[PDB]
Every structure is written in structure tokens, then in C-alpha cells.
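# Tertiary structure, described
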Amino acid sequence: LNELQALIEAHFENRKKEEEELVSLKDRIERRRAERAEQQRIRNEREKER
Amino acid sequence: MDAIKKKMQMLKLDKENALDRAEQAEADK
Amino acid sequence: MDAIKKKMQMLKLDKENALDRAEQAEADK
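The text that follows walks through the structure, step by step, so that each part is easy to find. (Residues numbered from 1 in each chain as written, not as in the entry; some residues may be left out. Chains lettered and ligands numbered in written order. Part of a larger assembly, values for the part shown. Heavy atoms only, no water.)

Residues and elements named next belong to chain B. At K29, a position not held by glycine, the phi torsion is positive, near 50 degrees. Looking at where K29 falls in the secondary structure, it is placed in the segment after α1 (2–27). For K29, a relative accessible area of 69% puts it in the exposed group. (Helix = DSSP H or I, 4+ residues; strand = E, 2+ residues; numbered from the N terminus. Buried < 20%, exposed > 50% of the residue type's maximum accessible area, 1.4 Å probe, protein only.)

In total, this model carries eight salt bridges over all chains according to the counting rule given. We note a salt bridge from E16(B) to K15(B), for which the minimum N-O separation is 3.0 Å. For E16(B), a relative accessible area of 37% gives the class partly exposed. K15(B) gets classed as buried once you look at its relative accessible area, which sits at 14%. The salt bridge partner of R21(B) is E26(C), with a shortest N-O separation of 3.0 Å. Pair noted here: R21(B) is in helix α1 and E26(C) is in helix α1 (residues 2–28), and the two residues belong to different chains. (Salt bridge = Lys/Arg side-chain N within 4 Å of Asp/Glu carboxyl O.)

What follows concerns the nonpolar core. Grouped together as the largest cluster of nonpolar side chains are seven residues: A18(B), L19(B), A22(B), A25(B), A18(C), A22(C) and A25(C). Those elements giving two or more residues to this core turn out to be α1 of chain B together with α1 of chain C. For this core, the element with the most residues is α1(B), which contributes four residues. (Core = buried A, V, L, I, M, F, W, Y, C linked by side-chain atoms within 4.5 Å.)

This next bit is on the relation of the copies chain C and chain B. Expressed as a screw operation, the relation of chain C to chain B combines 0.8 Å of axial shift with a rotation of 178 degrees, fitting to an RMSD of 1.6 Å. Such values leave the two copies arranged in the relation of a two-fold axis. The position closest to the rotation axis in chain C is occupied by the C-alpha of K29(C), lying 0.8 Å away. A symmetric contact is evident, with 93% of the interface residues of chain C recurring at the interface of chain B. (Least-squares fit on C-alpha atoms. Contact = heavy atoms within 4.5 Å.)

Residue and element names in this part refer to chain A. In this fold, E3 is placed in helix α1 (residues 2–49). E3 sits in the partly exposed class, given a relative accessible area of 43%. In this structure the C-alpha to C-alpha distance between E3 and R43, which are 40 residues apart in sequence, comes to 57 Å.

What follows covers the arrangement of the chains. Between chains B and C lies the most contact-rich interface of the two pairs of chains that touch. Separated without contact, chain A and chain C have their nearest C-alpha atoms at a distance of 14 Å.

This next bit is on α1(B). The end-to-end C-alpha distance of α1(B) is 36 Å, a good match for the 38 Å that 26 residues give at a rise of 1.5 Å each. The complete set of buried residues in α1(B) reads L11(B), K15(B), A18(B), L19(B), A22(B) and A25(B). (Expected span 1.5 Å × (residues − 1).)

What follows is about the interface of chain C and chain B. Put simply, an interface is often sized by how much accessible area is lost when its parts join up. Contacts between chain C and chain B engage 14 residues on the former and 16 residues on the latter. In terms of surface lost to chain B, no three residues of chain C exceed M8(C), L11(C) and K29(C), which account for 40% of the buried area on that side. Taken together, the connections running from chain C to chain B amount to two salt bridges. The tally of links between chain C and chain B comes to two residue pairs in polar contact. (Buried area = accessible area lost by both parts, 1.4 Å probe. Polar contact = N/O pair within 3.5 Å; in protein donor to acceptor, adjacent residues only side chain to side chain.)

Here it is in C-alpha cells:
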């Protein structure tokens, strides 16, 4: 059953690599969007200060 | 868990064949 | 998984045990 071996590894290797990468890639996108939220907070504070 | 639906069948065949033999071996007298 | 690991071994055991039964029974029969 070469297929069980192909599947046992394909399931794990293709997914752990692609999936964990999406977790951290998006974590950075999300952190940047969170920075945008901070920058909007900053923008709101600056408009009020002016 | 299709990997083991398939492993199950393989082991099922291995035991069924060993079992077929256990039964025959006893049946043969 | 414990259930899979163990019950796969149980199916392997049906083979191992059935095979031992087949071999001993056939040796005598």
C-alpha cells in the first residue's frame, strides 16, 4: 500500500508546512492591520490635539 | 482516518487468512 | 491514538494468534 504511505506523509507534510506558514504569514498581516488600528487611534488623537 | 480504514482492511485480510488457516488447521484433524 | 494503536494490534493479534493456532494445529493435524 504505497498509497497509505503517500497519504500518511502527504497529509502531514503538505498541510503542516502550508498551513503553519499561513498561520504565521497572516499573523504578520494581522499585526500590521492591528498597527493600522493603532495608527487610527493616533490619527484620532492628533486630530483632537490640533 | 482512511489510512486505517485501509490498514484495517489489510490487517483484516492478514488475520482472516491466518484465521482461515487456524480454522482449516483444526478442521483438517 | 490509543484505540487505533491497540485495536490495530488486536487485529494483528488475531493474525498472530490465529497463525500460531494454525501452525500448531496443522503441525498436529
